[PDB]
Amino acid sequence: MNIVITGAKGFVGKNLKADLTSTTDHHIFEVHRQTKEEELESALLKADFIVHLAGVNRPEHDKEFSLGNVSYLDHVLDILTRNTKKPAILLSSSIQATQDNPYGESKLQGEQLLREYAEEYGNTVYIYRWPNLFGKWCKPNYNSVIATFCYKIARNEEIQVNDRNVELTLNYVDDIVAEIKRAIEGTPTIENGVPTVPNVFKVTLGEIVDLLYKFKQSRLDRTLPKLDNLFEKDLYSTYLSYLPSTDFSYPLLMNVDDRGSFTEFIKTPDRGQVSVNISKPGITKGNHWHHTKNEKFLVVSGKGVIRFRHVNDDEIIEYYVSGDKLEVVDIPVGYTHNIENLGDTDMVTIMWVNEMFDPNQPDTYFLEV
């Protein structure tokens, strides 16, 4: 199936294009601002589906043309008249089509033009009223506040927020791309009798700003986004996409002594934390118990033994363990425990713990064995 994407160099277009060529066998024809007139006609006539993502004015519109019909949709539809196959057309209109600002009125004229055209020529049309959008590949410093904020914050550049209480209505680019694909396969999502992209968010600029600063500072405090809040999850991914390409990595804090090292990896207030222990050959660590703190030890390299002895008891219990067979040892409360490197190489143990380490109120008590 031949699919043309107008506005192909825009945010949604680049996203839709990358997806479609990856997840389908459709032939994708990209049209944009720089597209020569003859190859536009060429692509449109071959087309089985039109995804119309272009802005309202033609690429040729500049200071000269203040007067004159400069409607790009009109021109696109004008060409499709000769299209033998009656390709379906998807129009990205805006929720501003109800408002009486000139942008909305423009968008409402586009819908109306397309409805009239469809009724005469038979094309099936999917007309969406999209809210503001966000996601990877949106140009920063150019009419998208989220992209601008992500770009600046990731660079320690200061941002300008006039009113934190301003509410934004938003769709994430993934939902836009998924919806377009549903329309392509012939089953749009219908709410209130109209095609509607799911998962719209309503968020204040203040919430957005706090989230972005949290994502930034999370690097240093080893914390993690709340990933079952859909907006926050989508926002975190989009934030990551604005990272300078030299800044994808960050050093961890290793606690180093004669025995090896202990290093925190990720910390959460609600699902514990994970760290990396490295022990030099011959080394024993631990010999302590807890009332309530508990751990999962997972040896991923080298070999050794994890030992237990109930506080009120004499029996030592040994778990022989190595990176050749991956197995978790829970560390039950009320058992003193130790871990020993029995091999010739550094032993590395991943340790999940149920709470944060606080040496003020430690919950760990020295007891050998």
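Numbering starts at 1 and runs along the sequence shown.
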Study note, to complete from the structure: Between 76-84 and 205-213, the record assigns the higher mean Cα B factor to 76-84
Exercise for review: Identify the stretch, either 48-56 or 34-42, whose C-alpha atoms have the larger mean B-factor according to the entry.
Suggested key: 34-42
Check your understanding: Between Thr169, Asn229, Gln273, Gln160, which one tops the list for C-alpha B-factor in the PDB entry?
Key -> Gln160
Revision key, fill the gap. Top Cα B-factor in this entry, restricted to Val300, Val70, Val329, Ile339, sits on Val70
Point to revise | CA B-factor ranking of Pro102, expressed as a third of its chain | key: highest
Exercise for review: Within this chain's modelled residues, let me know which third the CA B factor of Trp130 belongs to: lowest, middle or highest.
Suggested key: lowest
Practice item. Going by the recorded CA B-factors, say which third of the chain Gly323 sits in, lowest, middle or highest. Key: middle
Revision key, fill the gap. Temperature factor at the Cα of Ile28, chain-ranked in thirds, falls in the highest
Revision key, fill the gap. Here the Cα B-factor of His288, set against its chain, lands in the third termed middle
